[PDB]
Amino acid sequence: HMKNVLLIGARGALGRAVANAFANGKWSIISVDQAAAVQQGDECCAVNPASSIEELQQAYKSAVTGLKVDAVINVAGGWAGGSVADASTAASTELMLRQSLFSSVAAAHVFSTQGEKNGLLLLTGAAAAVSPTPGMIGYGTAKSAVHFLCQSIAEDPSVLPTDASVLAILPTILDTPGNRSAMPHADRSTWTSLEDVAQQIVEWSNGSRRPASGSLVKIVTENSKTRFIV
């Protein structure tokens, strides 16, 4: 368990896949999640969903005190729909901002100050958020902001450990319990396996060849085969 990873969103479907892929292992895993950490048998930090970015930052700093972190992995966030015509868009956009953007700003600061040389900061965007998202204002605005944050971090590498990388993954559709439940009978040939994403995150984290720091990495599945593409 020589290498250290801070895992944000550890209790979501993609978070559990990522924790499973770490633990090979080789890795010591420090996990955090908002509201949704069952806080029973789980060795996961529960942080309040009403947390400020500064509160997230302090909670993350605390969880890894006196560690060099090789990887900070943020795979937090769910989904909601809504246009500006919908009253519901106000709350859903704030929720998506908190889950994805607040967590990513705090996570970047911990990686900057406690990251190890050759380490990885990985954030979670959305392939759809590369374009206007009139029907998913919250989801698209939050994820677009994560993409922007990824690019801005990379633009000044002096803020990262030596030879560190930041990457954002842009999933299209993930094969999650939620999606299976929603559409039991659907053609899932374009639905990316969580194990495939998790395994790729752990290789990148281990210092396999990575796309250029700053890359938006689209996760494209056809006939149940997956490419990681810039």
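Note that residue numbering begins at 1 and tracks the sequence as displayed.
**Q** Could you check which stretch, 22-30 or 62-70, carries the larger mean CA temperature factor in the entry?
**A** Of 62-70 and 22-30, the stretch with the higher C-alpha B-factor average is 22-30.
**Q** So, looking at the entry's B-factor column for Cα atoms, which has the higher mean, 123-131 or 156-164?
**A** Mean B over CA atoms: larger for 156-164.
**Q** By the CA temperature factor listed in this entry, which of these ranks top: 44, 56, 198, 170?
**A** Of the options given, 44 has the highest CA B-factor in the PDB entry.
**Q** Taking the C-alpha B-factors as the PDB entry records them, is residue 83 in the lowest, middle or highest third of its chain?
**A** Middle third by C-alpha B-factor.
**Q** Within this chain's modelled residues, let me know which third the CA B factor of residue 100 belongs to: lowest, middle or highest.
**A** Lowest third of the chain for residue 100's C-alpha B-factor.
**Q** State the tercile, meaning the lowest, middle or highest third, of residue 118 with respect to the CA B-factors recorded for its chain.
**A** CA B-factor rank for residue 118: highest third.
**Q** Sorting by Cα B-factor within the chain, modelled residues only, which third would residue 202 end up in: lowest, middle or highest?
**A** Ranked within chain, residue 202 CA B lands in the lowest tercile.
**Q** Split into thirds by Cα B-factor across the chain's modelled residues, where does residue 192 land: lowest, middle or highest?
**A** Tercile = lowest for this residue's CA B-factor.
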